[PDB]
Amino acid sequence: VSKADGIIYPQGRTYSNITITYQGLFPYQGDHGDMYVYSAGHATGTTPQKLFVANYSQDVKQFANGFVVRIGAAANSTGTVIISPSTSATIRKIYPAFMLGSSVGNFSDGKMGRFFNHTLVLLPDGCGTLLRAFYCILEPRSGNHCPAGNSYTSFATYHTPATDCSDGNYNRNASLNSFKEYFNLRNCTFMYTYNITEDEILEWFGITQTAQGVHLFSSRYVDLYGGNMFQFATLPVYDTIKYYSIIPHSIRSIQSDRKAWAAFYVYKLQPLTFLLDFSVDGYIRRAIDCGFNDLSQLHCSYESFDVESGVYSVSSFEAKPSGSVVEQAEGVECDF
Amino acid sequence: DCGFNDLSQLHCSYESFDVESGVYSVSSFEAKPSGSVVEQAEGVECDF
Amino acid sequence: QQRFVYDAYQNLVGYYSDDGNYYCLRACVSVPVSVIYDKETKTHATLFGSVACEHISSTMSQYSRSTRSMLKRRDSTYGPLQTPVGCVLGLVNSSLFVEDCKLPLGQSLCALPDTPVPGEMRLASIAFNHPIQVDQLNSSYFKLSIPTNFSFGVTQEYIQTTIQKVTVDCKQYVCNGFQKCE
Amino acid sequence: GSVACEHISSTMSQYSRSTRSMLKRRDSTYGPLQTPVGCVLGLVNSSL
Amino acid sequence: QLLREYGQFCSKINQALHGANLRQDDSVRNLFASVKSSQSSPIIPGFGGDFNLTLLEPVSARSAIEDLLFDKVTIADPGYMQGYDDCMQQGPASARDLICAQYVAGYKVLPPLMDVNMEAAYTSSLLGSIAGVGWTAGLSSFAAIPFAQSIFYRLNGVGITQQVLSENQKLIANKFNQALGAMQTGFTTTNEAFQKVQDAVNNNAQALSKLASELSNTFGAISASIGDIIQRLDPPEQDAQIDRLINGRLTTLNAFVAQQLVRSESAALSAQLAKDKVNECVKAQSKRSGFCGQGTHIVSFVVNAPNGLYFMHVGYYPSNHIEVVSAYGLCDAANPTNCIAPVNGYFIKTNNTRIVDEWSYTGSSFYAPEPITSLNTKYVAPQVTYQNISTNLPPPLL
Amino acid sequence: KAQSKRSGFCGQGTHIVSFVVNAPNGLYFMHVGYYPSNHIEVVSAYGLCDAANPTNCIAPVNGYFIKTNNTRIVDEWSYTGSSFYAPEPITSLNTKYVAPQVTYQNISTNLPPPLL
């Protein structure tokens, strides 16, 4: 938080060269979040065999306030591929895919991770050029290796860099078609699309929900070399989202041509009180989580980043109730 | 008449017909809005 | 027969149990916390009210409070120090003496920051500056202590004589021009 | 107050306040006087 | 959460209290920096000589009279150390223990800036410099004279001649010891200063008790316990009741802070008065009546008290007044422009079964006729009220 | 407007002179005081009497009778000011006649001029 990580800008206004306390939806200072990695698929020489994904589709989490995501942190660095542990490569920024809903259940064989009547889906396409969001009710298809079919492991999307990610024309439906192989989009609703210009810069992406729909945030269109997150969309979703999950994505690249995709981190949001420092150009370069420790509470009490030396009374520890004790009666006893 | 002028307001504040000598703060003048300014983002027309 | 024993201010302080015993009832007690902070070195220690260091732990997992975490308290992490004012965390027993300190802990105690990575603060004590001792003679003479050098010194002192004179325009402050409010 | 006498006039028609009228300020009615404390109306520079 | 939207009220209270405590510490430091002497004599046993001031001497660190004063005052012992574990057992409560209530109510009593031993060191060092304050311009020099010498020099300066002091040495010492000894049996209900000490302690206790008492108040709610209304109502009305309690408690805290500010501001003026009294009555003999004590001031002592200083002013109280006839001055009848006036005394008419219309000298504060000499007279210009004496011509007029 | 004889009221040390200027909301005082240092200890007498005439005694005025060590006659008595150590001869200007006391020194030789 000392460098304003995952801070959603106050979405009504702006300030200049001041420091104020603000109540919003921020993440915990020092929070580690959940890490997710995307990997290339199995390939023998010049023929991709299958998809390599984790069990993310089985792991369903609670939404309950929304979250923020840190995309492209470990870029321009030397890391390793997932399916080839002894293979160094330069890491490339990749974008996450989410599927959120209001009701969850089991798949064909009781496998966890099925979304009922209406399921919002956010999935990038065009080999990292656009993002599409849609309700598009999911219908599991019956076939080989498919959700409603036999021998089902996990649904996943994919794209082939040999054909789809072409410099002349980036296939803007490859990932949508991959998603279509497992589910039949039925009774669908708004299907938007937003344009992303390629780079290798760290960026942020957030999502919340209010009475006016599902709000989408990002730091690409306003602050790019910063990270302050501004709203850029609102969705006609008005069902109260209770659950969400990640969508696995494998890259069907050549065994001799494989890259490393940077892992992305997801951090939950909570209704906290922060101390924000707005600079002259109005950007938040530093903040303080008022409930992290005692020094933070001191800083927020004086609402300054410099507190004079001294001895300060702070909040005290309270004993935790160890057990419980009750006392009562019968009603007389029955007379057999 | 309490609202006639400043001396009347002084007389009514002390509710007496004799006010001691001195320098008294009274009600101030306010600038009058000369114009108006409107700003919006509309443009909806009908399709004949 | 009236099992509940109260006190003057309607607090339960006793109970006659069904087992045939009388139990005093207390309230669960909080552990007071304070932070000793040096700014120009960004150093901090924790003082625990008037507790005896047996009830506190490096994690304080048996207690609960709204603050999410304790102060960092890096590699040093020795046992809690017991002081005349209470149990302190992040202080090293120094056995030094000072004439004055910027952060007095209480009763004679000071936190001496490791001023020129700054180290942990030290627990020093304020020392009494003894005046020049002159002994009495047992004769018709007496010992006299007299200066052989001197200097001049300026003592500065401010005495306030006025406050700023301010009048408010009550009607305008309350209603700010709006005829309806008038 | 602390006004420089360029913003005030004998009628103060560009402002508004609840008080209905100003003080009488009879035949003398010379220009506003500028003082170190502000613009004053109804004073004669005396140099006493 | 409900209080979180009330913003910076709690922070305001905390900052005000922190500033008041800082000012209290600064006042203590200033007072004891102006109380300390630069030179003093060690307090050995028997310090005082014929004057028994052993109740001012420190028991090997507080004095005996200081210990008596602290013992006779009903003051609750604060913890300052393992006082949290003392209330863990606590037995039955002792008439609303306000020391165990701080860990319940949510306030805390901070220890005083200095130890008992350091304060006693300051007071004892002040006691050792009393005799040697210096008869001559006594600010930059220290003369280590005995206590008896200082007392006799103070007595000589109020109008008692050296002859009387030399004659009544033991009687004076016994009379001083009688006055200082009645002090041990003095701390009772009739003692006004002791009652003031108890009033200050009771004011402290009342300030704490008001905070501890408002937690049982139910500010127009169904209960005073938050955890009780939580398990009996539902969010829409739970919020209203909890907000009633929150507003009541915030008002209580604001009132407490304002009263503490008033009391702290009064105590700084009182500390300045104590500084003036230490500089004027303890480190010097004062010539202004009524400031130090009653009668004529001679010497003052000071010890520590629960929340300040306790001064003991020793004064000279005259009794058994008689009326005599005195002259403004004496002139030589043969040479009328040769006249004398008494110095720190009076010219009285003797009746020592001797020559008629004899003139003697007496000190201004004790009746003891003595011969007229150049040591107790001074030459002056003639006045119409001076007595023109022809015979017996005291030696200055010869 | 005066030099004050009461310690602690004007400033620290011994007051000599004070200045006052205006400040934002009051007055600003600058008290110049005399601060002594480098104290030494000497032996001093309450007073001096003539051994031949015991009822002829003197006491110092605004100073002290000290024992000199100016490589000179033994048991010589000098006078010094109360605020600065500088031995000087004893004369009628810095002494005053007083009644004898049991603590006074009975001098036999070298008899400072007042006692002659």
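Residues numbered from 1 in each chain as written, not as in the entry; some residues may be left out. Chains lettered and ligands numbered in written order. Part of a larger assembly, values for the part shown. Heavy atoms only, no water.

Draft legend 1. Representation of the overall build of chain E. Each helix and strand counted, chain E has eleven helices and eleven strands in total. Computed over its C-alpha atoms, the radius of gyration of chain E comes to 32 Å, more than 25% above the 21 Å expected for a compact globule of 398 residues. Projected onto the principal axes, the alpha-carbon positions of chain E cover approximately 115 × 45 × 40 Å. Here chain E holds 398 residues, and 42% of them are scored as buried. Only carbon and sulfur atoms are counted for the fraction: they give 53% of the accessible area of chain E, which is about 21,000 Å². (Helix = DSSP H or I, 4+ residues; strand = E, 2+ residues; numbered from the N terminus. Rg over C-alpha atoms; globule rule 2.2 N^0.38 Å. Buried < 20%, exposed > 50% of the residue type's maximum accessible area, 1.4 Å probe, protein only. Areas by Shrake-Rupley, 256 points an atom, 1.4 Å probe, with all protein chains shown as cover.)

Draft legend 2. Examining the interface of chain B and chain D more closely. With 13 residues of chain B at the interface, the matching set in chain D holds twelve residues. Among the residues of chain B in contact with chain D, B:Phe29, B:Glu30 and B:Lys32 are the three that bury the most area, contributing 45% of the side total. Seen at the junction of chain B and chain D, the total is two salt bridges. In this assembly, chain B and chain D are joined by ten residue pairs in polar contact. Broken down by secondary-structure element, the contributors of at least two residues to the side of chain B that touches chain D are helix 1 (6-13) and strand 1 (30-31) of chain B. Tallied by class, residues from the side of chain B that touches chain D come to five nonpolar, four polar and four charged. Both strand 1 of chain B and strand 1 (residues 15-16) of chain D contribute to a ladder of two bridges, which runs antiparallel. Considered in strand 1 of chain D, the bridge of B:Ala31 is made with D:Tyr15. (Contact = heavy atoms within 4.5 Å. Buried area = accessible area lost by both parts, 1.4 Å probe. Salt bridge = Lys/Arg side-chain N within 4 Å of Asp/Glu carboxyl O. Polar contact = N/O pair within 3.5 Å; in protein donor to acceptor, adjacent residues only side chain to side chain. Nonpolar A, V, L, I, M, F, W, Y, C, P; charged D, E, K, R; others polar. Pairing = 2+ DSSP bridges.)

Draft legend 3. How the structure looks around the sheet that holds strand 3 (residues 39-40) of chain A. Residues and elements named next belong to chain A. Ordered in space as 3-21-15, the three strands form an open sheet in which the pairing is parallel. Because the sheet does not close on itself, it has two edges, and the strands there are strand 3 and strand 15 (157-159). Bridging between strand 3 and strand 21 (residues 249-251) involves two bridges; their strand directions are parallel. If you follow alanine 40 over to strand 21, its bridge partner there is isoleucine 251. Sheet strands touched by helix 1 (residues 174-182): strand 15 and strand 21. Its angle to strand 15, the strand with the most contacts, is close to 140°. (Axes fitted to C-alpha atoms, helices over the stretch in contact; angles between N-to-C directions.)

Draft legend 4. Spatial organisation of the interface of chain C and chain E. Taken together, the contact between chain C and chain E spans 40 residues of the former and 42 residues of the latter. Taken together, the two surfaces of chain C and chain E that pack against each other cover about 3,400 Å², and 57% of this comes from carbon and sulfur. Considering only the side of chain C, the residues that lose the most area to chain E are C:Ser50, C:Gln107 and C:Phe128, jointly responsible for 20% of the buried surface there. Applying the counting criterion to the chain C and chain E interface returns zero salt bridges. Taken together, chain C and chain E are joined by 22 residue pairs in polar contact. For the side of chain C that touches chain E, the elements supplying multiple residues, two or more each, are strand 4 (31-38), strand 7 (81-83), strand 10 (104-106), strand 13 (132-133) and strand 14 (141-160) of chain C. Class assignment for the residues of the side of chain C that touches chain E results in 22 nonpolar, 15 polar and three charged.

Draft legend 5. Quick peek at the packing of helix 1 (residues 9-35) of chain E against helix 11 (residues 235-282) of chain E. Residues and elements named next belong to chain E. Helix 11 packs onto helix 1 with a crossing angle of 10° between their chain directions and a minimal axis gap of 10 Å. By the angle between their directions, the pair helix 1 and helix 11 is classed as roughly parallel. Along the lines of polarity and charge, the residues of the contact of helix 1 with helix 11 split into 18 nonpolar, seven polar and three charged. (Parallel < 35°, antiparallel > 145°, perpendicular 65-115°, else oblique.)

Draft legend 6. Region of the structure containing the pattern of salt bridges. The tally for this structure, following the rule as stated, stands at 28 salt bridges over all chains. One salt bridge connects A:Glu203 with A:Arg220, and the closest N-O pair in it is separated by 3.4 Å. Here A:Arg220 lies in the loop between strand 18 (213-218) and strand 19 (230-235) and A:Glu203 lies in strand 17 (residues 203-210), a separation of 17 residues in the sequence. Summarising the burial analysis for this pair, A:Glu203 and A:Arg220 share the class buried. Ionic pairing is found between C:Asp75 and C:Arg74, a salt bridge with its closest N-O pair at 3.7 Å. Taking relative accessible area as the criterion, C:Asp75 reaches 67% and is therefore assigned exposed.

Draft legend 7. Quick peek at the nonpolar core. Of all hydrophobic cores here, the largest spans 69 residues; its most connected members are E:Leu56, E:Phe147, E:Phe176 and E:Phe301. Residues in contact with E:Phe301, not counting those within four places in the same chain, are E:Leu56, E:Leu127, E:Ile130, E:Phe147, E:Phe176, E:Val282, E:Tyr310, E:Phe311, E:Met312 and E:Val314. (Core = buried A, V, L, I, M, F, W, Y, C linked by side-chain atoms within 4.5 Å.)

Draft legend 8. Local environment of the pairing of strand 9 (residues 359-363) of chain E. Residues and elements named next belong to chain E. Here strand 9 lies mainly inside the structure; five of its five residues are buried. Residues of strand 9 alternate between two faces, with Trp359, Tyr361 and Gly363 on one and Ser360 and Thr362 on the opposite face, all of them buried. Sheet topology note: the strand 8 (residues 345-349)/strand 9 ladder contains five bridges and is antiparallel. Note that in strand 9 the partner of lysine 349 across the bridge is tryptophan 359.

Draft legend 9. Fine view of helix 6 (residues 147-156) of chain E. Residues and elements named next belong to chain E. Burial within helix 6 is extensive, with seven of its ten residues counted as buried. What helix 6 keeps buried is the set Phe147, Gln149, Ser150, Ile151, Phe152, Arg154 and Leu155. For helix 6, the secondary structure elements touched by its buried residues are helix 7 (162-167), helix 8 (169-181) and strand 3 (296-305).

Draft legend 10. Inspection of the sheet that holds strand 1 (residues 4-6) of chain C at higher detail. Residue and element names in this part refer to chain C. Taken in spatial order, the three strands make up an open sheet running 1-2-3, and their pairing is antiparallel. With one partner strand each, in any of the chains shown, strand 1 and strand 3 (22-24) form the two edges of the open sheet. With strand direction ignored, the average angle separating the axes of adjacent strands in the sheet is 20°. Note that strand 1 and strand 2 (residues 12-16) share three bridges and pair antiparallel. Across the sheet, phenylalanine 4 pairs through a bridge with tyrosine 15, a residue of strand 2.

Draft legend 11. Region of interest: the state of the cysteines. Applying the stated criterion to the full structure yields ten disulfides over all chains. Here B:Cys2 pairs with B:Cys12 through a disulfide, and the sulfurs are 2.0 Å apart. Taking the torsion about the sulfur-sulfur bond, which here is approximately -85°, the covalent link between B:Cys2 and B:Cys12 counts as left-handed. Linking B:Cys2 in the segment before helix 1 with B:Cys12 in helix 1, this pair joins segments that are ten residues apart in sequence. By relative accessible area, which is 31% here, B:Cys12 ends up partly exposed. One disulfide bridge connects C:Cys101 with C:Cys110, the sulfur atoms lying 2.0 Å from each other. Its torsion about the S-S bond being -50°, the disulfide of C:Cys101 and C:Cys110 is classed as left-handed. The connectivity of the disulfide bonds within chain E can be written as 1-2, 3-4, 5-6, using the sequence rank of each bonded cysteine. Sequence-ordered numbering of the bonded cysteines in chain C gives a disulfide pattern of 1-2, 3-4. The thiol sulfur of C:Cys24 is not disulfide-bonded, and the nearest other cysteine sulfur, from E:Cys100, lies at 13 Å. (Disulfide = S-S within 2.5 Å.)

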